[PDB]
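One structure, pasted below without further comment.
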């Protein structure tokens, strides 16, 4: 029969397989659309902030440039951690310590943001990996039930069992149609999350470089009046 | 008709089905016990991390964590650092203290990570060998099918059907055992990674407090 | 019953034995093949030229016994020269640090900068290889979809028209298999080209890291020799 | 019958023999190594200085791992006598202990490769056997001319036996391989723990000594 | 297997000849790189044993003098001496140490990379040989199904040849794929071990240099 009349004419287990695979497709495309608009906005904002800080030339100038980036700015956050470390460290003779403590801080928040970016990629990787074998389960179960049928009666003449076989194969087709776009989407999102991490670490590095240079130049100006 | 499929079938395939069945049960037991364990451990650690965010020195962190409980992971990290300070008493070299402390604490995070994945070994091997076992069953079934053609001498469809049915059942059960073990192993591996990361953040907070405090004490003496 | 009235057809008459879905799988796979080969031909000449240029720069700078001599060597390398960019970054760090007492800081900052740049370049080399790895990964399974859908249609044919024989849905079965065959032919060159690019990119990264390391070593040694000559005249 | 099918089957059973040899011998090795290290680490728990750790380990047996790590640290101190730079000693000692620990891990892993591959490829040489046999059968039905698969069916069943055996060979290879891999993991952690204790003792004693010498 | 491959299809003839060339390449790579790794690891193991006796960099240089021109150890020692000569006149021994370790660990990496050469081809052959064999079989059964119609009968004898050629493609695909991947893994493991040993020799060189710098500095400070 049709693909439709072929679905509900199948075994309850095979029905389950087909419906589950279709829902998997829905989750794939939902994740795709939302995360796509998200990454485009964040990448634009970060690129803008980064090129504005490119001119910074000191850490206080960078703070002045970043003042209006918004409270949700990742650059503003990294700059604020460096400022927080300096202020907590007021009175210390050891600039190496400040530098150490600041690098540890920035590198850790960058890492954390990357871990936010990937939330949901676990579902994509899992769907693309497991969908073909789930479809495969469906068709194996369907054809298994078919052959359990042919030796009961017990028949010959393949044309009689053909519909159950076709209905079973539809399960594998749906399994593949679910997996392939999941795999593709997973690949692009991995590439973009990597690129985003790289950009964010670029800003964090700008911050550390400014802080390091500032500490050294100030210590030198203080040692020789 | 699964109970009817169960022994309608060959002794070898009875073995395949029962063994794989057990594989599934151990898989899901592991899933439920360790999964609830991870929910609880994560919830407790996240709470302790919030309370300790309010600490502006190490002594205050120790005061905040005092009543965290006997098995608290944050309390263990703080105490490891306190132990290094106590053992290093009288030393002029704060770089040495900092170094020794990080080494100890990071070495601790790793170990906690190692014991979270303790059950994962079983999952990894089950998902590893379940298709093999399954495949054996199905290879057995098709083999029997040819014995039918040989003993019956009639090559119609009704003769080959039992072996094909058996074989397919073995493949189906092989998939049911293999797939969840594999994805559960991956989910647990991810959860362990995030937990190691959170715990590493608490250790980081401890190290930063100790480093800043040492520097400030040394400057107040100069 | 005896003899026949029928026959089969050629490649164009096989195409007539697939449904609309399988026709799409085949044509889409073949276009996929075209993008793999365009990627290959475009990136190949690019990589070759940059690799020759960099190889020359690296051999010439390997002779530099000092950071000043290295600057003289690279003087006219061109505006787009990667080596010249690394040297200019080291010079920039020295210049931004003018007035500082701490040479460790300069060394630290310079290494942090240069290593960063090398990594970025690697990323700018990897552009498009994701298309290759993805094409080589999923093309055999796109082909498999074609095959599964085809045999499904064949079993529908067996079911509506009774009895059996074959001869009817047999061409459709052959066409379905053909879809997997085309899938494999799409996957293989993608996988091989991809491996070649992974190797060549690895070597290019090593060459850049060699230039970068030579720059850092010259800067480190020169800072220390200057510091020692300033302490003890 | 045929020829190569039976050689696939025998080569698989040979592979099984190798699997079992590795299993028994490695079982002994890992269990004795783990027991020795566990005790050594418990006894070293008490030492309040590097010297106290050497003295405790001094009768561990000549092949003890803990005693070797301690002797590396002691050797580095002895070689560096006369030196005013304790950061150097520390550095050198860590480098040594890191290398030595790594090398020991290398040795403990040896032979696990054979398990990994036997478990990986054993079902495919099995498959090769059946494919070869059934290929022979189907050149057989091409010869003469037959129908009624019943003539060639027993040969085809014999051919499948080769895959069956391939899977049987692979299964224990794979399990033993996993068990031994978790073992190598635990052991590397234990060895790193003793190494770490050595480094901490030496570092702390170097610092308390340098301070007391200044004042 | 003689008349057989003579009567086959041109495409399947291509998959077969390609697969067997893959096989010959794997075994050529295997024999040459096998003896090469054997000789190099013998040489290095002897050198590491002999250098374990050095109590300083000069003593190591005397031990290594006749190691030969192709010796990796001599290369490492000469590199470390070169760093000492270029830094002559510098008061900063931290710098010297830093520069030296950086150089040696990169030389080690480079040797590893140079041995990783050609293992790529094994990795690629082991990667695509199942795809080619599998293509062969897919083509074979495709052609057998084309065979049944026309003549438009089922039976067996015209269905059997396509089955025979497909199975042949699988078999030769296995014979090409399996040894290529196994050899690739064995060589990757050997390369890892050699790189670790070489790093061990390098570390010996670094430690001797470090200790000598510190002892010279101490003998100058407290004469």
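We just call them A, B, C, D and E in the order they show up, numbering each chain from 1.
Criterion: a contact is a pair of C-beta atoms (placed from the backbone, for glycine too) under 8 Å apart; a residue touches a chain by one contact, two chains touch by 3 or more.
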Lowest number of touching-chain links that must be crossed from chain D to chain E: 1
Both-way neighbours, i.e. chains that touch chain C and touch chain B: A
Centroid distance [mean C-alpha coordinates] between chain D and chain A, Å: 35
Where chain B and chain E are represented by their mean Cα positions, the distance between them in whole Å: 34
Centre-of-Cα separation between chain D and chain B, whole angstrom: 22
Chain D, residues touching no fewer than two other chains: 149
Chain-level touch network, classified as line, ring, star, complete or other: ring
Neighbour-by-neighbour ring order, given that chain A leads and chain B comes next: A, B, D, E, C
Complex contact set, residues of chain B against chain D: 87-88, 90-93, 96, 99-100, 103-104, 107, 110-111, 114, 121, 124-125, 128-129, 132-133, 135-136, 139-140, 142-143, 146-147, 149-150, 152-155
Partner chain C, residues of chain A touching it in the complex: 132, 157-159, 162-163, 165-166, 169-170, 172-173, 176-177, 179-180, 183-184, 187-188, 191, 195, 198, 202, 205, 208-209, 212-213, 215-217, 219-221, 223
